[PDB]
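Chemist: Dumping the structure here so I can ask a few things about it.
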Amino acid sequence: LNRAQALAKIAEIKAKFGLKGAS
Amino acid sequence: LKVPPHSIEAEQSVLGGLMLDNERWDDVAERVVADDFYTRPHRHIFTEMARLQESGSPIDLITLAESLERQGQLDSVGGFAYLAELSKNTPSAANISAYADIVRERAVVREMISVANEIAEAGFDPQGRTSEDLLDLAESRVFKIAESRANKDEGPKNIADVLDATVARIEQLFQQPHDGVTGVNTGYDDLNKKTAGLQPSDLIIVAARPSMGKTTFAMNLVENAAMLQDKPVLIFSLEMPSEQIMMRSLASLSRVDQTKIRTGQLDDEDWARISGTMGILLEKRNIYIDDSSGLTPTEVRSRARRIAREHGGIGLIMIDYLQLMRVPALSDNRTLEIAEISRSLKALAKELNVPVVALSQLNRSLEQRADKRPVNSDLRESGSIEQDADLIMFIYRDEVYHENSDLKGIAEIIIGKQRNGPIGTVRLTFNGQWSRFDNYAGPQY
Amino acid sequence: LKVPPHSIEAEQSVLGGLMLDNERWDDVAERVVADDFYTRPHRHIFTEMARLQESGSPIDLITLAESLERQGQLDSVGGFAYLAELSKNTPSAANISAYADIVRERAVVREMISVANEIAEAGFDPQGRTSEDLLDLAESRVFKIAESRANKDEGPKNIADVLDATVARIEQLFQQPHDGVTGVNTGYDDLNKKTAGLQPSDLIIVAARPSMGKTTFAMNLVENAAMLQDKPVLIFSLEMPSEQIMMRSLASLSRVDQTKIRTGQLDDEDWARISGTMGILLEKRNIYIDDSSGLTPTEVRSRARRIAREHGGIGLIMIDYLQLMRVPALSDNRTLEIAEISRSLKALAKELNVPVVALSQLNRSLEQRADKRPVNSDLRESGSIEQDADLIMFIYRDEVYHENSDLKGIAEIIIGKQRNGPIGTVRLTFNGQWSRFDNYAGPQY
Ligand SMILES: Nc1ncnc2c1ncn2[C@@H]1O[C@H](COP(=O)(O)OP(=O)(O)O)[C@@H](O)[C@H]1O
Ligand SMILES: Nc1ncnc2c1ncn2[C@@H]1O[C@H](COP(=O)(O)OP(=O)(O)O)[C@@H](O)[C@H]1O
Ligand SMILES: [Mg+2]
Ligand SMILES: [Mg+2]
């Protein structure tokens, strides 16, 4: 994965697992 | 009024019963101490009676009054009139055990009231103390109040009771359908067979030369214990920050190369594995990590107690490593510091009924021997560590010293000391790519 | 009348500062809750302000008064008179965070006093509870105080937060990999790759046997940091006078032989080079040298703070060396003195958010080992240095011990401990003529 793909995957992981306090 | 909780009748009854029946001293001596009496005359009488009883003399009325008179302390007690009144007024047919328990109980409650008053007074006049200092003071006071009562249950037990407990333990060993594990599951089959897991109330030492995979193996044990159990697992790490611990844990659980994680060069399958691992970890949620530096045994014990209070018990405690812990009052001598650390860890393990796994280092001279596998004598500066540990496991990788080694990827766990079993070497597979130890699948001689 | 602890002025300051400046609200919100305020009106005011801030409305005087008047609660607070008093007395020079911390502190003290009163009143009235029940009740009440509190930056955190921090760090590293030119530049490509520069808030130790080139390497690092940045670079040279350091720096920057400068045998081109170097240095003006001897950690911290205040920050701090520093209160024990020095240096590094490099010496026994490359244990009497340092580098030159060495002119920087990265050996070229280290252009294994 490149930069954008890795960022999208990480964002999807965060959305699936919640943890809204990271931002 | 704010009455001080006490009961004179129980004390007078106890003293009268002791005067009348000298054979009951023991039944009173195991339930109450001299300092447990509320009035000065009663404490003085009890002290004199203890002196007479342990000097081999009768404790009748005339001898006790005369002996108090000889030391000039008879008038302070109340006189021969008061001693005779104590002897006469209290009936012989009494249950002195209940009275001794009552005297024991009032002392504890009164001391609790005293500590509460001291806490309030300290709160009103902090004298430069922070909230943390006040909390430390309160915890120390309540701990001094509560701890050490347990010596009543500790002592010479009856042979029948110990035999019955042993029979219960053996029959529970027989009846259990597990595969040889009675304690916390280590996650490795051969080590489980040889050790029956990590036993509660035992001191466990993990030792290796630097860069042998000591922290990696310990983290693998932690992950296996977390996966195969339900009780919380607590980690104290003076060596690495919690973020690196979590990165290693992700590499171990997801089976993804650690270099890729460090450099960010991951692929789709690795991302899927990491997602699955994160989902499992967030589903379980039973691992706690404390990466503070410069820990002292008091801090470790306090935080472990806080965790056990919060979650009703611990399943395993892991410390990495004990060579970084500090005891400020014994900083002058390192050997005494290590001995105090080991004793406090063993006491904590016994108290909380949990396995405690502490990591430790060995001496450098070991690398100058013909054979570099550790022995007990290789724990120099740490004799108390060898003396107090219930289990001692050394990690040995042959490829670390020899590039020609035929044992690449193979690690040896060497049992230097086993309190309740055999000793020897167990082989495992080392995958440094994922920072993991696994069961050895090769042939076993 | 025993007044329980409170301070109306601090509460009034918090409310007034929130009234005058609404952008500070978050700082107050993270430090205080509505239950920490002693008077009912102050709690009501803070609750109304919290609700208004949540709804998105401003919380200035007029808006707050209008909102209170709508709900009919203006009379309970004290009126627009009291609101105007709060507005008037509080100045706009408000450090609301400190006042909020003070409010928090009073609340903790109040709760501790109340819990002590409850425990004592329970002691006077057992109501059938046993001693174990009373002790458990007291322990639970006292322990509940520390629940949560500020155990985020002062204790174990939540696993999800640590995992998110790891993910964010991986994102930051992978998005823009510049190969060690993101933190403080070290001036060496391989050292930048292995260490990612000299990280702020990190303690860095440089160690070697005498005459290996510790001072030379440290000065080269200082020169590289000064040339590749704009912030001041501060040197604490307890080993050499500033004149010799400046002569070495001139030799390094102008690439003139150090012996020629020391003996004055310079030709016209060398004089031109030295003049150019001096001109560049006087144009930059970002190097500060302090050659005092016997410095305590307090003086070092004070002078570093003074420099950071005067010139708006620091980029690197260098100390040479820590075996010459003094702690008079611990002069009897060398280990305690070194531990105190390392602790204070780490605290200073964390406070000023700067890399702190401290030089150290090794024991003679290293020259007796089969392999003379330095190791951590060669830091005898300085275990705390190994414990507290974020980065540890050893300087080794093979040509010092072997005249017929094949590695002449090649020095090794061995990373014995890195807290946030890998470890290994970095090879550099040693030009002793110019007192310089340079990047190794030879083949790399
Ligand atoms: N990404 C990796 N690839 C291969 N080996 C690694 C990796 N990370 C760590 N290791 C190995 O782990 C060993 C030591 O790790 P660790 O257990 O954390 O330290 P210690 O053994 O001192 O406790 C080193 O010998 C190293 O070879
Ligand atoms: N003019 C010079 N020519 C060659 N080498 C030099 C010269 N001056 C200093 N050196 C080298 O510098 C090394 C030590 O320098 P320095 O780092 O200042 O002292 P230390 O290593 O004790 O901190 C010596 O080993 C020496 O070989
Ligand atoms: Mg380790
Ligand atoms: Mg020098």
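Ligands are numbered from 1 in the order shown, residues from 1 within each chain, and chains are lettered A, B, ... in the order they appear in the structure tokens.
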Write as a PyMOL selection string the residues around ligand 4, taking 12 Å as the cut-off and counting only C-alpha atoms and all ligand atoms.
Modeler: chain C and resi 206-219+237-241+244-245+248+319-321+359-361+395+435
Chemist: Hey, list the chain A side of the contact with chain C: 8 Å cut-off, only C-alpha atoms, answer as a PyMOL selection string.
Modeler: chain A and resi 3+7+19+21-22
Chemist: Next, dump the selected residues to file, keeping only N, CA, C and O atoms, as a PDB file, in the first residue's frame.
Modeler:
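Everything below was put into part25.pdb:
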ATOM      1  N   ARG A   3       0.963   5.707   0.502  1.00  0.00           N
ATOM      2  CA  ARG A   3       0.570   6.621   1.570  1.00  0.00           C
ATOM      3  C   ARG A   3      -0.946   6.743   1.671  1.00  0.00           C
ATOM      4  O   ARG A   3      -1.523   6.558   2.750  1.00  0.00           O
ATOM      5  N   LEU A   7      -3.363   5.290   4.625  1.00  0.00           N
ATOM      6  CA  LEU A   7      -4.190   6.214   5.394  1.00  0.00           C
ATOM      7  C   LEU A   7      -5.656   5.805   5.352  1.00  0.00           C
ATOM      8  O   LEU A   7      -6.351   5.854   6.373  1.00  0.00           O
ATOM      9  N   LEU A  19     -12.912   4.536  18.891  1.00  0.00           N
ATOM     10  CA  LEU A  19     -11.818   5.302  19.498  1.00  0.00           C
ATOM     11  C   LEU A  19     -11.741   6.720  18.929  1.00  0.00           C
ATOM     12  O   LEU A  19     -10.732   7.155  18.374  1.00  0.00           O
ATOM     13  N   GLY A  21     -11.482   9.394  20.481  1.00  0.00           N
ATOM     14  CA  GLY A  21     -10.613  10.274  21.238  1.00  0.00           C
ATOM     15  C   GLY A  21      -9.216  10.440  20.683  1.00  0.00           C
ATOM     16  O   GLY A  21      -8.467  11.289  21.176  1.00  0.00           O
ATOM     17  N   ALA A  22      -8.844   9.645  19.677  1.00  0.00           N
ATOM     18  CA  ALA A  22      -7.516   9.771  19.085  1.00  0.00           C
ATOM     19  C   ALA A  22      -7.339  11.123  18.405  1.00  0.00           C
ATOM     20  O   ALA A  22      -6.278  11.749  18.516  1.00  0.00           O
TER      21      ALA A  22
END
Chemist: Just how far from CA of residue 20 (chain C) is CA of residue 60 (chain C), in Å to one decimal?
Modeler: 6.5 Å
Chemist: Counting only C-alpha atoms, which residues from chain B have an atom at most 6 Å from any atom of chain C, and could you show them as a list in words?
Modeler: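 Matching residues, ligands excluded from the count: residues 113, 116, 120, 243, 264 and 290 of chain B.
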Chemist: Show me, as a JSON list (two decimals) with N, CA and C atoms, in the first residue's frame, the residues that have an atom within 9 Å of residue 425 (chain B) when counting only C-alpha atoms, minus same-chain residues fewer than 2 positions from it.
Modeler:
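The new file part-v9.json reads:
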[["chain", "number", "residue", "atom", "x", "y", "z"],
["B", 412, "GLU", "N", 16.67, -22.29, 23.68],
["B", 412, "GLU", "CA", 16.63, -23.23, 24.80],
["B", 412, "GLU", "C", 16.21, -22.50, 26.06],
["B", 413, "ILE", "N", 15.22, -23.05, 26.75],
["B", 413, "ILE", "CA", 14.81, -22.61, 28.08],
["B", 413, "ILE", "C", 15.42, -23.60, 29.06],
["B", 414, "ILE", "N", 16.33, -23.11, 29.89],
["B", 414, "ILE", "CA", 17.08, -23.94, 30.83],
["B", 414, "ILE", "C", 16.55, -23.66, 32.23],
["B", 415, "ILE", "N", 16.07, -24.70, 32.90],
["B", 415, "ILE", "CA", 15.53, -24.53, 34.24],
["B", 415, "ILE", "C", 16.68, -24.65, 35.24],
["B", 423, "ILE", "N", 14.57, -30.37, 36.48],
["B", 423, "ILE", "CA", 15.23, -29.30, 35.74],
["B", 423, "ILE", "C", 15.78, -29.86, 34.44],
["B", 427, "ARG", "N", 13.36, -27.00, 24.18],
["B", 427, "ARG", "CA", 13.63, -26.31, 22.93],
["B", 427, "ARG", "C", 12.35, -25.72, 22.35]]
Chemist: As a list in words, please: every residue in chain A that DSSP puts in helix (DSSP H, G or I).
Modeler: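 After running DSSP on the backbone, chain A has helix (DSSP H, G or I) at residues 3, 4, 5, 6, 7, 8, 9, 10, 11, 12, 13, 14, 15, 16, 17, 20, 21 and 22 of chain A.
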Chemist: Quick check for you: according to DSSP on this backbone, which residues of region 316-403 of chain B are classed as strand (DSSP E)? Reply as a list in words.
Modeler: residues 316, 317, 318, 319, 320, 356, 357, 358, 359, 360, 361, 391, 392, 393, 394, 395, 396 and 397 of chain B
Chemist: Let's have the selection written as a compact mmCIF listing (two decimals), in the first residue's frame, with N, CA, C and O atoms.
Modeler:
# COMPACT_ATOMS: atom_id res chain seq x y z
N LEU B 316 -1.72 -12.72 36.88
CA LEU B 316 -0.29 -12.81 36.63
C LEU B 316 0.26 -11.40 36.69
O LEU B 316 -0.39 -10.44 36.25
N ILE B 317 1.48 -11.27 37.21
CA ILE B 317 2.20 -10.00 37.24
C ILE B 317 3.56 -10.22 36.59
O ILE B 317 4.21 -11.23 36.85
N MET B 318 3.95 -9.30 35.72
CA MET B 318 5.22 -9.40 35.01
C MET B 318 5.98 -8.09 35.17
O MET B 318 5.42 -7.00 35.00
N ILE B 319 7.26 -8.21 35.49
CA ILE B 319 8.13 -7.06 35.75
C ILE B 319 9.38 -7.23 34.91
O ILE B 319 9.98 -8.31 34.88
N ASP B 320 9.78 -6.16 34.22
CA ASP B 320 10.89 -6.20 33.27
C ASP B 320 11.59 -4.84 33.30
O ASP B 320 11.09 -3.87 32.72
N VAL B 356 4.23 -14.25 39.84
CA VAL B 356 5.00 -13.05 39.55
C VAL B 356 6.23 -13.47 38.76
O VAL B 356 7.02 -14.30 39.22
N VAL B 357 6.39 -12.92 37.56
CA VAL B 357 7.50 -13.25 36.68
C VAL B 357 8.33 -11.98 36.57
O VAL B 357 7.91 -10.99 35.97
N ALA B 358 9.53 -12.02 37.14
CA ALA B 358 10.45 -10.89 37.11
C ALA B 358 11.64 -11.25 36.24
O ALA B 358 12.19 -12.35 36.36
N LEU B 359 12.03 -10.34 35.35
CA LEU B 359 13.15 -10.62 34.47
C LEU B 359 14.43 -10.14 35.15
O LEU B 359 14.40 -9.20 35.94
N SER B 360 15.54 -10.80 34.82
CA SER B 360 16.81 -10.49 35.45
C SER B 360 17.95 -10.76 34.48
O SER B 360 17.79 -11.48 33.50
N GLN B 361 19.09 -10.16 34.77
CA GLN B 361 20.29 -10.33 33.96
C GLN B 361 21.32 -11.18 34.69
O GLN B 361 21.21 -11.45 35.89
N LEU B 391 11.02 -20.48 40.59
CA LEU B 391 11.41 -21.01 39.29
C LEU B 391 12.38 -20.05 38.63
O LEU B 391 12.20 -18.83 38.71
N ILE B 392 13.41 -20.59 37.98
CA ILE B 392 14.42 -19.80 37.29
C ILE B 392 14.59 -20.39 35.90
O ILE B 392 14.97 -21.57 35.76
N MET B 393 14.36 -19.58 34.87
CA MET B 393 14.49 -20.01 33.49
C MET B 393 15.47 -19.10 32.76
O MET B 393 15.32 -17.87 32.77
N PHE B 394 16.46 -19.71 32.12
CA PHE B 394 17.44 -19.02 31.29
C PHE B 394 17.10 -19.22 29.82
O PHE B 394 16.68 -20.30 29.41
N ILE B 395 17.30 -18.16 29.04
CA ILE B 395 17.10 -18.19 27.60
C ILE B 395 18.46 -18.28 26.93
O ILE B 395 19.37 -17.50 27.25
N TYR B 396 18.62 -19.22 26.01
CA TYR B 396 19.88 -19.41 25.31
C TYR B 396 19.64 -19.60 23.82
O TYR B 396 18.91 -20.51 23.41
N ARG B 397 20.26 -18.75 23.00
CA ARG B 397 20.26 -18.90 21.55
C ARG B 397 21.69 -19.11 21.10
O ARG B 397 22.57 -18.29 21.38
Chemist: So what do you get for CA of residue 372 (chain C) versus CA of residue 408 (chain C), distance-wise?
Modeler: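 These two atoms are separated by 15.9 Å.
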Chemist: Hey, can you check how far CA of residue 204 (chain B) sits from CA of residue 366 (chain B)?
Modeler: 21.0 Å
